[PDB]
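Everything below belongs to input24.cif, which stores mmCIF, C-alpha atoms.
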```
data_structure
loop_
_atom_site.label_atom_id
_atom_site.label_comp_id
_atom_site.auth_asym_id
_atom_site.auth_seq_id
_atom_site.Cartn_x
_atom_site.Cartn_y
_atom_site.Cartn_z
CA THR F 1 -49.66 -9.16 -3.58
CA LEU F 2 -51.64 -6.19 -4.86
CA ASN F 3 -51.76 -2.69 -3.35
CA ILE F 4 -54.76 -0.38 -3.87
CA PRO F 5 -54.73 3.39 -3.14
CA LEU F 6 -57.35 5.77 -1.73
CA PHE F 7 -57.75 9.55 -1.69
CA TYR F 8 -59.79 11.32 0.98
CA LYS F 9 -61.85 14.51 0.81
CA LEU F 10 -60.60 18.05 1.48
CA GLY F 11 -60.56 19.60 4.90
CA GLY F 12 -59.67 23.14 5.93
CA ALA F 13 -61.34 26.74 5.95
CA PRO F 14 -62.22 29.15 3.12
CA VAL F 15 -59.50 31.76 3.11
CA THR F 16 -61.63 34.68 4.14
CA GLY F 17 -61.21 38.26 3.01
CA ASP F 18 -57.59 38.87 2.10
CA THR F 19 -55.61 35.66 2.07
CA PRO F 20 -53.60 34.37 -0.92
CA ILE F 21 -53.83 31.25 -2.96
CA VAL F 22 -50.05 30.97 -2.47
CA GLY F 23 -49.58 31.55 1.21
CA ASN F 24 -51.64 29.06 3.27
CA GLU F 25 -51.12 25.25 2.21
CA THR F 26 -53.18 21.95 2.34
CA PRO F 27 -52.06 18.38 1.94
CA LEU F 28 -54.23 15.80 0.19
CA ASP F 29 -54.69 12.58 2.16
CA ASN F 30 -53.61 9.25 0.69
CA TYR F 31 -53.64 5.65 1.94
CA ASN F 32 -52.99 2.07 0.83
CA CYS F 33 -54.41 -1.45 1.16
CA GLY F 34 -52.58 -4.62 0.13
CA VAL F 35 -54.15 -8.04 -0.45
CA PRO F 36 -51.92 -11.13 -0.17
CA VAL F 37 -52.44 -14.12 -2.45
CA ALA F 38 -51.82 -17.83 -1.72
CA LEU F 39 -51.97 -21.25 -3.42
CA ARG F 40 -54.58 -23.83 -2.34
CA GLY F 41 -56.02 -27.13 -3.56
CA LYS F 42 -57.66 -30.51 -2.98
CA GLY F 43 -57.52 -34.02 -4.46
CA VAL F 44 -59.30 -37.41 -4.44
CA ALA F 45 -57.87 -40.91 -5.09
CA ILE F 46 -59.55 -43.94 -6.72
CA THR F 47 -58.08 -47.45 -6.48
CA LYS F 48 -58.92 -50.71 -8.27
CA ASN F 49 -59.48 -52.87 -5.16
CA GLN F 50 -62.63 -50.83 -4.48
CA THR F 51 -63.66 -50.49 -8.13
CA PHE F 52 -64.25 -53.94 -9.65
CA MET A 1 -44.43 19.35 0.73
CA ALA A 2 -48.06 20.26 0.06
CA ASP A 3 -48.44 19.47 -3.62
CA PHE A 4 -49.79 16.11 -4.67
CA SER A 5 -48.16 14.08 -1.90
CA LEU A 6 -48.07 10.36 -2.61
CA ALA A 7 -47.93 7.77 0.16
CA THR A 8 -44.82 5.96 1.36
CA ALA A 9 -46.46 2.54 0.96
CA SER A 10 -47.93 3.46 -2.43
CA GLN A 11 -44.60 3.97 -4.23
CA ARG A 12 -43.92 1.51 -7.06
CA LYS A 13 -40.99 -0.91 -7.27
CA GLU A 14 -39.52 -2.93 -10.14
CA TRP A 15 -37.88 -6.36 -10.35
CA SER A 16 -35.42 -7.25 -13.12
CA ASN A 17 -35.49 -10.41 -15.23
CA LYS A 18 -31.73 -10.73 -15.82
CA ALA A 19 -29.96 -12.69 -13.08
CA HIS A 20 -26.29 -13.08 -12.22
CA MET A 21 -24.34 -16.25 -11.49
CA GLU A 22 -21.22 -17.14 -9.52
CA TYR A 23 -17.86 -17.55 -11.28
CA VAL A 24 -16.54 -21.11 -11.49
CA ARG A 25 -12.95 -21.04 -12.93
CA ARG A 26 -13.49 -23.95 -15.35
CA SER A 27 -10.40 -26.22 -15.03
CA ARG A 28 -6.62 -26.05 -14.90
CA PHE A 29 -6.37 -29.72 -15.96
CA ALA A 30 -8.29 -29.17 -19.21
CA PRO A 31 -5.50 -29.07 -21.89
CA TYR A 32 -4.03 -32.30 -20.46
CA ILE A 33 -6.98 -34.73 -20.68
CA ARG A 34 -6.83 -36.48 -24.06
CA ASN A 35 -7.39 -40.01 -25.39
CA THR A 36 -4.02 -40.50 -27.10
CA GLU A 37 -0.95 -42.27 -25.72
CA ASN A 38 1.27 -39.21 -25.14
CA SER A 39 -1.12 -37.46 -22.75
CA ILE A 40 -0.73 -36.95 -19.01
CA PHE A 41 -4.29 -37.88 -18.00
CA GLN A 42 -5.35 -40.61 -20.41
CA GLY A 43 -8.94 -41.61 -21.12
CA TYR A 44 -10.38 -44.96 -22.18
CA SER A 45 -13.61 -45.36 -24.14
CA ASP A 46 -13.59 -49.16 -23.99
CA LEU A 47 -16.48 -49.33 -21.52
CA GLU A 48 -18.38 -46.68 -23.48
CA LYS A 49 -18.69 -49.58 -25.92
CA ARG A 50 -20.47 -52.88 -25.37
CA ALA A 51 -20.45 -53.58 -21.59
CA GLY A 52 -18.30 -53.86 -18.49
CA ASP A 53 -17.58 -52.89 -14.90
CA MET R 1 -11.77 26.59 16.14
CA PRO R 2 -13.91 23.52 15.15
CA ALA R 3 -16.81 25.84 14.22
CA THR R 4 -16.94 24.82 10.57
CA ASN R 5 -19.18 26.12 7.82
CA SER R 6 -22.77 24.94 8.14
CA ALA R 7 -24.56 21.80 6.97
CA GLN R 8 -25.09 24.18 4.14
CA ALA R 9 -21.50 24.32 2.72
CA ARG R 10 -21.51 23.87 -1.12
CA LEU R 11 -24.49 25.47 -3.23
CA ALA R 12 -25.91 28.32 -5.14
CA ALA R 13 -28.59 30.25 -3.96
CA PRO R 14 -32.28 31.32 -4.56
CA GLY R 15 -34.11 34.12 -6.51
CA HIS R 16 -37.00 35.02 -8.96
CA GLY R 17 -39.50 32.22 -9.57
CA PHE R 18 -41.63 29.53 -7.88
CA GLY R 19 -39.76 28.89 -4.70
CA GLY R 20 -40.57 29.93 -1.14
CA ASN R 21 -40.99 33.64 -1.49
CA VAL R 22 -42.54 33.99 1.90
CA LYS R 23 -46.18 33.38 2.52
CA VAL R 24 -49.05 34.03 4.93
CA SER R 25 -52.08 32.40 6.47
CA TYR R 26 -54.78 34.61 7.98
CA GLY R 27 -57.85 33.86 10.05
CA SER R 28 -60.46 35.91 11.87
CA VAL R 29 -62.12 33.91 14.65
CA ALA R 30 -65.20 35.59 16.14
CA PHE R 31 -65.85 35.23 19.86
CA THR R 32 -69.38 35.78 21.17
CA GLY R 33 -71.51 35.05 24.21
CA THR R 34 -69.67 34.41 27.43
CA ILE R 35 -65.97 33.55 27.30
CA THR R 36 -64.68 30.71 29.49
CA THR R 37 -61.59 28.48 29.35
CA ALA R 38 -63.44 25.85 27.27
CA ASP R 39 -62.82 27.65 23.96
CA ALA R 40 -60.82 26.37 20.98
CA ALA R 41 -60.89 27.23 17.29
CA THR R 42 -58.71 26.97 14.21
CA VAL R 43 -57.82 30.21 12.47
CA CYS R 44 -55.53 28.90 9.72
CA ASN R 45 -53.64 25.80 8.65
CA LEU R 46 -50.00 25.28 7.73
CA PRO R 47 -48.04 22.89 5.47
CA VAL R 48 -45.98 19.95 6.56
CA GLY R 49 -42.54 20.87 5.27
CA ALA R 50 -42.42 24.56 6.23
CA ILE R 51 -40.51 26.82 8.63
CA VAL R 52 -42.34 29.67 10.36
CA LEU R 53 -40.95 33.22 10.23
CA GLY R 54 -43.29 35.18 12.49
CA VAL R 55 -46.81 35.28 13.93
CA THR R 56 -48.79 38.51 14.29
CA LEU R 57 -51.71 38.59 16.74
CA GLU R 58 -54.20 41.47 16.59
CA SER R 59 -57.50 41.38 18.48
CA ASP R 60 -60.34 43.66 19.54
CA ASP R 61 -61.37 44.63 23.08
CA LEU R 62 -63.03 41.55 24.55
CA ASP R 63 -63.12 42.26 28.30
CA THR R 64 -64.32 45.80 29.08
CA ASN R 65 -63.72 45.93 32.83
CA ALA R 66 -61.96 48.31 35.19
CA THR R 67 -59.64 45.35 35.87
CA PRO R 68 -59.43 43.18 32.72
CA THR R 69 -58.30 39.57 33.04
CA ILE R 70 -58.84 37.86 29.65
CA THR R 71 -55.83 35.88 28.42
CA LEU R 72 -55.25 33.97 25.17
CA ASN R 73 -53.00 31.12 24.04
CA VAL R 74 -51.97 30.46 20.44
CA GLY R 75 -50.63 27.06 19.46
CA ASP R 76 -51.38 23.78 17.74
CA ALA R 77 -52.49 20.26 18.68
CA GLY R 78 -49.05 19.24 19.94
CA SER R 79 -48.24 22.27 22.08
CA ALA R 80 -51.19 24.40 23.16
CA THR R 81 -48.90 27.36 23.98
CA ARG R 82 -46.30 27.09 21.22
CA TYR R 83 -46.43 30.53 19.61
CA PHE R 84 -48.04 32.78 22.23
CA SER R 85 -48.26 32.14 25.97
CA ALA R 86 -50.44 34.48 28.09
CA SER R 87 -50.92 37.09 25.38
CA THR R 88 -53.35 39.55 27.05
CA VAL R 89 -53.91 41.61 23.88
CA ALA R 90 -57.71 41.23 24.07
CA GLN R 91 -57.90 43.38 27.21
CA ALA R 92 -59.57 46.76 26.78
CA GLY R 93 -56.79 48.73 28.49
CA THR R 94 -53.60 47.48 26.86
CA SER R 95 -52.55 47.54 23.21
CA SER R 96 -53.03 44.87 20.56
CA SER R 97 -50.65 43.70 17.78
CA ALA R 98 -48.02 41.66 19.60
CA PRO R 99 -45.43 39.79 17.50
CA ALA R 100 -44.36 36.26 18.35
CA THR R 101 -41.20 35.74 20.40
CA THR R 102 -41.08 31.97 21.07
CA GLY R 103 -40.62 29.05 18.68
CA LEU R 104 -39.94 30.76 15.36
CA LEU R 105 -37.56 28.85 13.08
CA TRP R 106 -38.71 25.24 13.26
CA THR R 107 -39.97 22.68 10.75
CA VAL R 108 -43.64 21.75 11.11
CA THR R 109 -44.23 18.08 11.89
CA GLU R 110 -47.19 15.88 10.93
CA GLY R 111 -50.32 16.44 12.98
CA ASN R 112 -49.27 20.00 13.90
CA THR R 113 -50.72 21.74 10.85
CA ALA R 114 -53.60 23.70 12.42
CA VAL R 115 -53.21 26.82 14.56
CA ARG R 116 -55.57 26.89 17.55
CA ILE R 117 -56.64 29.74 19.80
CA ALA R 118 -57.47 28.63 23.33
CA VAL R 119 -58.58 30.93 26.14
CA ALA R 120 -56.34 30.68 29.20
CA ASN R 121 -58.15 32.84 31.77
CA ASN R 122 -61.84 33.63 32.18
CA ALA R 123 -63.19 36.98 31.03
CA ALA R 124 -64.54 39.19 33.80
CA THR R 125 -67.16 40.71 31.48
CA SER R 126 -67.46 39.17 28.02
CA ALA R 127 -67.89 41.48 25.02
CA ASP R 128 -68.22 40.80 21.30
CA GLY R 129 -65.18 40.98 19.07
CA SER R 130 -62.77 39.10 16.83
CA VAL R 131 -59.15 37.93 16.86
CA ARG R 132 -56.82 37.98 13.84
CA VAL R 133 -53.70 35.82 13.34
CA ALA R 134 -51.20 36.08 10.48
CA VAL R 135 -48.49 33.41 10.26
CA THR R 136 -45.55 33.94 7.90
CA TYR R 137 -43.51 31.01 6.61
CA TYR R 138 -42.06 29.51 3.45
CA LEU R 139 -41.39 26.22 1.68
CA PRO R 140 -38.34 24.52 0.19
CA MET D 1 -68.37 27.50 24.69
CA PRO D 2 -69.99 29.33 21.69
CA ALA D 3 -66.53 30.20 20.34
CA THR D 4 -66.91 28.32 17.07
CA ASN D 5 -64.41 27.88 14.28
CA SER D 6 -63.87 31.03 12.24
CA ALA D 7 -65.69 32.50 9.25
CA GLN D 8 -63.00 30.45 7.67
CA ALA D 9 -64.31 26.92 8.47
CA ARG D 10 -64.23 24.66 5.33
CA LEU D 11 -61.21 25.07 2.76
CA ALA D 12 -57.82 24.11 1.61
CA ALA D 13 -55.04 26.25 1.86
CA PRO D 14 -52.37 28.26 -0.10
CA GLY D 15 -48.82 27.59 -1.51
CA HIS D 16 -46.41 27.92 -4.55
CA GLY D 17 -47.69 30.16 -7.35
CA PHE D 18 -49.31 33.53 -8.14
CA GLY D 19 -51.12 34.32 -4.95
CA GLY D 20 -50.28 36.83 -2.23
CA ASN D 21 -46.77 35.86 -1.34
CA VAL D 22 -46.18 39.00 0.62
CA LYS D 23 -45.16 42.22 -1.00
CA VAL D 24 -43.58 45.62 -0.37
CA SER D 25 -43.84 49.26 -1.34
CA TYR D 26 -40.87 51.54 -0.74
CA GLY D 27 -40.40 55.28 -0.99
CA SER D 28 -37.64 57.73 -0.17
CA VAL D 29 -39.00 61.24 0.39
CA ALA D 30 -36.32 63.93 0.58
CA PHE D 31 -36.80 66.82 3.00
CA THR D 32 -34.88 70.06 2.39
CA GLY D 33 -34.95 73.71 3.38
CA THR D 34 -36.75 74.55 6.58
CA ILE D 35 -39.16 72.01 8.06
CA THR D 36 -42.52 73.24 9.36
CA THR D 37 -45.86 71.54 10.02
CA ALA D 38 -47.10 72.34 6.48
CA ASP D 39 -45.38 69.32 4.91
CA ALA D 40 -47.04 66.38 3.16
CA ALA D 41 -45.79 63.88 0.58
CA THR D 42 -46.62 60.45 -0.77
CA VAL D 43 -43.94 57.79 -0.46
CA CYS D 44 -45.79 54.79 -1.89
CA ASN D 45 -49.24 53.63 -2.91
CA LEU D 46 -51.24 50.55 -1.94
CA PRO D 47 -53.95 48.40 -3.57
CA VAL D 48 -57.62 48.41 -2.76
CA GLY D 49 -58.19 44.83 -1.64
CA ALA D 50 -55.10 44.29 0.53
CA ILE D 51 -54.27 43.75 4.20
CA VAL D 52 -51.13 45.34 5.66
CA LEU D 53 -48.61 43.23 7.59
CA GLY D 54 -46.10 45.79 8.86
CA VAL D 55 -44.61 49.22 8.20
CA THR D 56 -40.90 49.97 8.66
CA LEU D 57 -39.82 53.60 9.10
CA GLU D 58 -36.14 54.51 8.76
CA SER D 59 -34.96 58.12 8.50
CA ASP D 60 -31.80 60.20 8.70
CA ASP D 61 -30.91 62.87 11.27
CA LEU D 62 -33.07 65.87 10.41
CA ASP D 63 -32.87 68.07 13.53
CA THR D 64 -29.30 68.42 14.83
CA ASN D 65 -29.92 70.28 18.09
CA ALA D 66 -28.90 69.78 21.71
CA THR D 67 -32.65 69.36 22.32
CA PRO D 68 -34.27 67.86 19.19
CA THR D 69 -38.01 68.26 18.67
CA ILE D 70 -38.86 67.04 15.15
CA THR D 71 -41.81 64.64 15.00
CA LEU D 72 -43.35 62.74 12.08
CA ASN D 73 -46.75 61.21 11.30
CA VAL D 74 -47.35 58.41 8.80
CA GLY D 75 -50.84 57.80 7.47
CA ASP D 76 -53.18 58.21 4.54
CA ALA D 77 -55.91 60.60 3.39
CA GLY D 78 -58.52 59.16 5.75
CA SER D 79 -56.48 59.04 8.95
CA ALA D 80 -53.40 61.26 9.06
CA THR D 81 -51.91 59.25 11.96
CA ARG D 82 -52.99 55.72 11.07
CA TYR D 83 -49.68 53.83 11.03
CA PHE D 84 -47.29 55.99 13.07
CA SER D 85 -48.23 58.66 15.61
CA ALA D 86 -45.44 60.90 17.00
CA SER D 87 -42.58 58.83 15.62
CA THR D 88 -39.52 60.93 16.58
CA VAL D 89 -37.05 58.79 14.61
CA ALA D 90 -35.70 61.78 12.66
CA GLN D 91 -34.10 63.26 15.79
CA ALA D 92 -30.31 63.26 15.85
CA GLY D 93 -30.03 61.73 19.33
CA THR D 94 -32.38 58.74 19.25
CA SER D 95 -32.34 55.68 16.99
CA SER D 96 -34.15 55.15 13.70
CA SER D 97 -35.92 52.02 12.33
CA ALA D 98 -39.13 51.82 14.34
CA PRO D 99 -41.69 49.16 13.35
CA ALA D 100 -45.40 49.91 13.25
CA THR D 101 -47.54 49.02 16.26
CA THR D 102 -51.01 50.43 15.44
CA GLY D 103 -53.50 49.44 12.74
CA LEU D 104 -51.88 46.39 11.17
CA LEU D 105 -54.36 43.77 9.92
CA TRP D 106 -57.05 45.76 8.13
CA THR D 107 -58.43 45.85 4.59
CA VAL D 108 -57.65 49.02 2.63
CA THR D 109 -60.72 50.98 1.56
CA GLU D 110 -61.21 53.16 -1.51
CA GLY D 111 -59.55 56.56 -1.32
CA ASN D 112 -57.00 55.35 1.25
CA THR D 113 -54.43 54.02 -1.22
CA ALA D 114 -51.59 56.54 -0.75
CA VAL D 115 -49.28 56.70 2.27
CA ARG D 116 -48.52 60.26 3.39
CA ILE D 117 -45.80 61.62 5.64
CA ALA D 118 -46.84 64.74 7.53
CA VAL D 119 -44.67 66.64 9.99
CA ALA D 120 -46.28 66.99 13.41
CA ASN D 121 -43.87 69.28 15.27
CA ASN D 122 -41.56 72.00 13.98
CA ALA D 123 -37.85 71.32 13.65
CA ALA D 124 -35.63 73.41 15.92
CA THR D 125 -32.82 73.44 13.34
CA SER D 126 -33.61 71.94 9.94
CA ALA D 127 -31.00 69.74 8.26
CA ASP D 128 -30.99 67.86 4.95
CA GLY D 129 -31.93 64.20 4.86
CA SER D 130 -34.39 61.59 3.67
CA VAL D 131 -37.07 59.30 5.12
CA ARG D 132 -37.70 55.71 4.00
CA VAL D 133 -40.95 53.74 4.41
CA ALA D 134 -41.49 50.06 3.58
CA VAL D 135 -45.05 48.70 3.81
CA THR D 136 -45.62 44.94 3.70
CA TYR D 137 -48.96 43.49 2.66
CA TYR D 138 -50.55 40.89 0.39
CA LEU D 139 -53.53 40.24 -1.85
CA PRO D 140 -56.23 37.57 -2.07
#
```
File written out as structure tokens:
Amino acid sequence: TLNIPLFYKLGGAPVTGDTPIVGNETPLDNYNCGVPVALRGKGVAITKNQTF
Amino acid sequence: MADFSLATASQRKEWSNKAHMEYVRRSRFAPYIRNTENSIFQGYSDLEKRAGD
Amino acid sequence: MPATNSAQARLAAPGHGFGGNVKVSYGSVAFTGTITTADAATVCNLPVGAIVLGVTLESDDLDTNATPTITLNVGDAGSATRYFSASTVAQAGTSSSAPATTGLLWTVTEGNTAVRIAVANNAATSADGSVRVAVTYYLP
Amino acid sequence: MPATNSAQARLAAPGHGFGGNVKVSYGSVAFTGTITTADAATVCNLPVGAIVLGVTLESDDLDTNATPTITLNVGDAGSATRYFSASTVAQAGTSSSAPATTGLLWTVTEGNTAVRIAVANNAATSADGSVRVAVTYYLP
């Protein structure tokens, strides 16, 4: 199988007036998607009773 | 945490190529199987030649 | 007698550097118009793995009546009244700047990372003002 | 209903590093001789763009009388009684270590960056001691 990631956008409020850039944390969003893979096929037979 | 926080389902794995077997303990009758006349378990290669049952 | 040393029982011990030298988050929500119990607003947002130390709530005079009745709640999406319950610091007769007394030392869970202000009781005569919240915490 | 999200309404949000992980300023002014209402001294000095979190005022016993009457004011050059007004923690009968309750979350202006201690009421019998002030704040 094969997993593919995704990052979202950014979400909060602009830290108005006084606030640090060390006090007030954000996470960044992150997700996954996995595609499974399988075998598959098809065949055809040919005789000689139906061929001459 | 609130650094770069990676997902739980997005963490890599790894699979090794070297496999292990199960021990067998070869044979305790092995020094005693010969084709000579003074052996305990004696072998005959007479049917390894031409034919027979 | 079976009161052993803590789940902490073996390590050294923090100082100067990039650890969790304690932090803040500050917001200034501005109330205007008439003030009913259908009010909700984020002031600041918190991490996931963090433990709160203390919340400071300072507001202006929002209900200028002879008998004021405005009443605020401070909390998050899980518990609407987690930090402050029936604050009454926005009244024009009492004093502001009340520190938090409930739910201090606890690890933030997922989906609880936004501090809301909801109005609990209707204002008898709505004025114009603002409400300030400062939340102290740290990280491991 | 018109109580919108704050003037903060769009950004991400602080953690580990060189921001405003909260700070202190500490001074220990030493009073001696006789103590009248003509006393003034700086204990510490603050930035320009900073918001105060809390002021802690601990002192010794300065007036050792059967009826103590010494009384302190803590403030700056703009307002002489901005942080503490009529503290009375230097009296020999009561307890020290009073936290600030007035004027907490406000941005310092220019010319208000020095914390003064002025004596409000005369001491009935002056002793020798010292007064400690710790002011917590942070920067953007």
Exercise for the section: Compute the set of chain A residues within 7 Å of chain F, using only C-alpha atoms, and express it as a list in words. Expected result: residues 2, 3, 4, 5, 6, 7, 9 and 10 of chain A
Pull out every residue that the PyMOL selection byres ((chain R) within 6 of (chain D)) matches in the shown coordinates and put them as an mmCIF file with C-alpha atoms, in the frame of the given file.
```
data_model
loop_
_atom_site.group_PDB
_atom_site.id
_atom_site.type_symbol
_atom_site.label_atom_id
_atom_site.label_comp_id
_atom_site.auth_asym_id
_atom_site.auth_seq_id
_atom_site.Cartn_x
_atom_site.Cartn_y
_atom_site.Cartn_z
ATOM 1 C CA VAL R 22 -42.540 33.990 1.900
ATOM 2 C CA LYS R 23 -46.180 33.380 2.520
ATOM 3 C CA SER R 28 -60.460 35.910 11.870
ATOM 4 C CA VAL R 29 -62.120 33.910 14.650
ATOM 5 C CA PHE R 31 -65.850 35.230 19.860
ATOM 6 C CA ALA R 38 -63.440 25.850 27.270
ATOM 7 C CA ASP R 39 -62.820 27.650 23.960
ATOM 8 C CA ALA R 41 -60.890 27.230 17.290
ATOM 9 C CA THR R 42 -58.710 26.970 14.210
#
```
Exercise for the section: Specify as a VMD selection string each residue included when the PyMOL selection byres ((chain D and resi 128) around 10) is applied to this file. Expected result: chain D and resid 30 to 35 60 to 63 126 to 127 129 to 130
Handout entry: Matched chain/residue IDs from the PyMOL selection byres ((chain D and resi 99) around 10), as a VMD selection string
Key = chain D and resid 54 to 58 83 to 84 87 96 to 98 100 to 102 134
Handout entry: Atomic separation - atom CA of residue 119 of chain D relative to atom CA of residue 67 of chain D, Å
Key =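 So the answer is 17.4 Å.
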Lay chain D over chain R using all C-alpha atoms, matched one to one in order, with a least-squares fit; then write it out as a compact mmCIF listing (two decimals) with C-alpha atoms, keeping the file's coordinate frame.
```
# COMPACT_ATOMS: atom_id res chain seq x y z
CA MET D 1 -11.77 26.59 16.13
CA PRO D 2 -13.91 23.52 15.15
CA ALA D 3 -16.80 25.83 14.22
CA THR D 4 -16.94 24.82 10.57
CA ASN D 5 -19.18 26.12 7.83
CA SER D 6 -22.77 24.94 8.14
CA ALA D 7 -24.56 21.80 6.97
CA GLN D 8 -25.09 24.18 4.14
CA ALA D 9 -21.51 24.32 2.72
CA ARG D 10 -21.51 23.87 -1.12
CA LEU D 11 -24.49 25.47 -3.23
CA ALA D 12 -25.91 28.31 -5.14
CA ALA D 13 -28.60 30.25 -3.96
CA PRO D 14 -32.28 31.31 -4.56
CA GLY D 15 -34.11 34.12 -6.51
CA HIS D 16 -37.00 35.02 -8.95
CA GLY D 17 -39.50 32.22 -9.57
CA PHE D 18 -41.63 29.53 -7.88
CA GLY D 19 -39.75 28.89 -4.70
CA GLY D 20 -40.57 29.93 -1.14
CA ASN D 21 -40.99 33.64 -1.49
CA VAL D 22 -42.54 33.99 1.90
CA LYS D 23 -46.18 33.37 2.52
CA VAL D 24 -49.05 34.03 4.93
CA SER D 25 -52.09 32.41 6.47
CA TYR D 26 -54.78 34.60 7.98
CA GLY D 27 -57.85 33.86 10.06
CA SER D 28 -60.46 35.91 11.87
CA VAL D 29 -62.12 33.91 14.65
CA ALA D 30 -65.20 35.58 16.14
CA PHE D 31 -65.85 35.23 19.87
CA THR D 32 -69.39 35.78 21.17
CA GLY D 33 -71.51 35.05 24.21
CA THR D 34 -69.67 34.41 27.43
CA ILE D 35 -65.97 33.55 27.30
CA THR D 36 -64.68 30.71 29.49
CA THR D 37 -61.60 28.49 29.36
CA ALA D 38 -63.44 25.85 27.27
CA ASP D 39 -62.82 27.65 23.96
CA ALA D 40 -60.82 26.37 20.99
CA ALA D 41 -60.89 27.23 17.29
CA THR D 42 -58.71 26.97 14.21
CA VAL D 43 -57.81 30.21 12.47
CA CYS D 44 -55.52 28.90 9.73
CA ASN D 45 -53.65 25.81 8.65
CA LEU D 46 -50.00 25.28 7.73
CA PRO D 47 -48.04 22.89 5.47
CA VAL D 48 -45.98 19.94 6.56
CA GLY D 49 -42.53 20.88 5.27
CA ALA D 50 -42.42 24.57 6.23
CA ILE D 51 -40.51 26.82 8.63
CA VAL D 52 -42.34 29.68 10.36
CA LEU D 53 -40.95 33.22 10.22
CA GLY D 54 -43.29 35.18 12.49
CA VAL D 55 -46.81 35.28 13.92
CA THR D 56 -48.79 38.51 14.28
CA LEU D 57 -51.70 38.60 16.74
CA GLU D 58 -54.20 41.46 16.59
CA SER D 59 -57.50 41.38 18.48
CA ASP D 60 -60.34 43.66 19.54
CA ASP D 61 -61.37 44.64 23.07
CA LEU D 62 -63.03 41.55 24.54
CA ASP D 63 -63.12 42.26 28.30
CA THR D 64 -64.32 45.80 29.08
CA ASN D 65 -63.72 45.93 32.83
CA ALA D 66 -61.96 48.32 35.19
CA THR D 67 -59.65 45.35 35.87
CA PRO D 68 -59.43 43.18 32.72
CA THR D 69 -58.30 39.57 33.03
CA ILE D 70 -58.84 37.86 29.66
CA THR D 71 -55.83 35.88 28.42
CA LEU D 72 -55.25 33.98 25.17
CA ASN D 73 -53.00 31.12 24.04
CA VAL D 74 -51.97 30.46 20.44
CA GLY D 75 -50.63 27.06 19.46
CA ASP D 76 -51.38 23.78 17.74
CA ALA D 77 -52.49 20.26 18.68
CA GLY D 78 -49.05 19.24 19.94
CA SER D 79 -48.23 22.27 22.08
CA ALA D 80 -51.19 24.40 23.16
CA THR D 81 -48.90 27.36 23.97
CA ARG D 82 -46.30 27.09 21.22
CA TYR D 83 -46.43 30.53 19.61
CA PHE D 84 -48.04 32.79 22.23
CA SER D 85 -48.26 32.14 25.97
CA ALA D 86 -50.44 34.48 28.09
CA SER D 87 -50.92 37.09 25.38
CA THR D 88 -53.34 39.55 27.05
CA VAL D 89 -53.91 41.61 23.89
CA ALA D 90 -57.70 41.23 24.07
CA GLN D 91 -57.90 43.38 27.21
CA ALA D 92 -59.57 46.75 26.78
CA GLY D 93 -56.80 48.73 28.49
CA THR D 94 -53.60 47.48 26.86
CA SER D 95 -52.54 47.54 23.21
CA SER D 96 -53.03 44.87 20.56
CA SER D 97 -50.65 43.69 17.77
CA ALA D 98 -48.02 41.66 19.60
CA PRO D 99 -45.44 39.79 17.50
CA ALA D 100 -44.36 36.26 18.35
CA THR D 101 -41.20 35.74 20.40
CA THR D 102 -41.08 31.96 21.07
CA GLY D 103 -40.63 29.04 18.68
CA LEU D 104 -39.94 30.76 15.36
CA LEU D 105 -37.55 28.85 13.08
CA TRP D 106 -38.71 25.24 13.27
CA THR D 107 -39.97 22.69 10.75
CA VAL D 108 -43.64 21.74 11.11
CA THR D 109 -44.24 18.07 11.88
CA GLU D 110 -47.18 15.88 10.93
CA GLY D 111 -50.32 16.45 12.98
CA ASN D 112 -49.26 20.00 13.90
CA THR D 113 -50.72 21.74 10.84
CA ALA D 114 -53.60 23.70 12.42
CA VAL D 115 -53.21 26.82 14.56
CA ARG D 116 -55.57 26.89 17.55
CA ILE D 117 -56.64 29.74 19.80
CA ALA D 118 -57.47 28.64 23.33
CA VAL D 119 -58.57 30.93 26.14
CA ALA D 120 -56.35 30.67 29.20
CA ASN D 121 -58.15 32.84 31.76
CA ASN D 122 -61.84 33.63 32.17
CA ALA D 123 -63.19 36.98 31.03
CA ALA D 124 -64.55 39.19 33.81
CA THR D 125 -67.16 40.70 31.48
CA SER D 126 -67.46 39.17 28.02
CA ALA D 127 -67.89 41.48 25.03
CA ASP D 128 -68.22 40.80 21.30
CA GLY D 129 -65.18 40.98 19.07
CA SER D 130 -62.77 39.10 16.83
CA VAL D 131 -59.15 37.93 16.87
CA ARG D 132 -56.82 37.98 13.85
CA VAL D 133 -53.70 35.82 13.34
CA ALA D 134 -51.20 36.08 10.48
CA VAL D 135 -48.49 33.41 10.26
CA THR D 136 -45.54 33.94 7.91
CA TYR D 137 -43.51 31.01 6.62
CA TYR D 138 -42.06 29.50 3.44
CA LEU D 139 -41.39 26.22 1.68
CA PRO D 140 -38.34 24.52 0.18
```
Proximity of chain R to chain F: per-residue shortest pair, 7 Å limit, all atoms listed in the file, as a Markdown table:
```
| residue | atom | partner | partner_atom | distance |
| --- | --- | --- | --- | --- |
| R:23 | CA | F:23 | CA | 4.1 |
| R:24 | CA | F:23 | CA | 4.5 |
| R:25 | CA | F:24 | CA | 4.6 |
| R:26 | CA | F:19 | CA | 6.1 |
| R:45 | CA | F:24 | CA | 6.6 |
| R:46 | CA | F:25 | CA | 5.6 |
| R:47 | CA | F:25 | CA | 5.1 |
```
Exercise for the section: Provide the atom CA of residue 85 of chain D to atom CA of residue 121 of chain D distance in Å, to one decimal place. Expected result: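 Between atom CA of residue 85 of chain D and atom CA of residue 121 of chain D the gap works out to 11.5 Å.
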Practice task
Kindly give the distance, in Å, that separates atom CA of residue 29 of chain A and atom CA of residue 48 of chain A, rounded to a single decimal.
Solution key: 22.1 Å
